[PDB]
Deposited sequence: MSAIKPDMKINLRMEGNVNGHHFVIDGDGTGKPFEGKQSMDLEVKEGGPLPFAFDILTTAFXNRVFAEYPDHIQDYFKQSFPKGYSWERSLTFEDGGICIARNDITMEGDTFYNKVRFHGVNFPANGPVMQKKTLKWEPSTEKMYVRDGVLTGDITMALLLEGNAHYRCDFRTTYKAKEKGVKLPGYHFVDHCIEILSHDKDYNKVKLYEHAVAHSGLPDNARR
């Protein structure tokens, strides 16, 4: 390594607006980048209790925390100490659309995250505004280059009650602050994000993520 330590701290601040509802959320966590694991304690500072499903926000709360094999270029760890930023569009199957971005920096053993999240057109009686989501199912992000920019497309899904699912398509564009960072070839990153615990109105949430990069079958 050198720039990134086996054990890193995580500082985050999110501000956003969904369907006209404003909110500010603080995060404090720790993680093991080389093992692709991280945990974070979230505290809603303004706008709580959120009138929408907390789950839509969780992936906004850093691909640095992903276990990359030696045969696959790790664009994220190679982006530090300078850092990088990402933008994302979350297209839900019922018309709800969100965009999010995060500017990631590093100071010592801590990653700093300036996050913004905006969402519109969620149906009033949909699972998001009615808070009927249970969790995101694990996923496999497809990483590839588009017009010189590392891009990740994902078939995501939120589990609802009675074993039904609510689909969302993700497209994330990753850009290192520093020019010249070597781009990886087409690959994958498996993810599993989960809310380990939370209070009744999700004003306090403990989040966790495990991610591993790979080259898919047959390797």
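Missing from the model, by position in the deposited sequence, are residues 62, 221-224.
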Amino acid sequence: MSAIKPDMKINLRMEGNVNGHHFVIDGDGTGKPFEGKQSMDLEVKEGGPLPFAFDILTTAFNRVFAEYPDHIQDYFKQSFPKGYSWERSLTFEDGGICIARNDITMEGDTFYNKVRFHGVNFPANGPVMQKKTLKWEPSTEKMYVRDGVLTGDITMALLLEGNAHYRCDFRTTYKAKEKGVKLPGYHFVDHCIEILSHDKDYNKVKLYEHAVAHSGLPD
From here on, numbers count along this sequence of modelled residues.
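Legend: mean Cα B-factor per stretch from the PDB entry, 73-81 versus 122-130; the higher mean is in 73-81. Comparing 152-160 with 181-189, the stretch with the higher mean C-alpha B-factor in the PDB entry is 181-189.
Highest C-alpha temperature factor among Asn62, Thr30, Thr173, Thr58 per the entry: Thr30. Highest CA B-factor among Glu137, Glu141, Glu93, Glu107, as stated in the entry: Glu107. For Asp169, the recorded CA temperature factor ranks within the lowest third of the chain's modelled residues.
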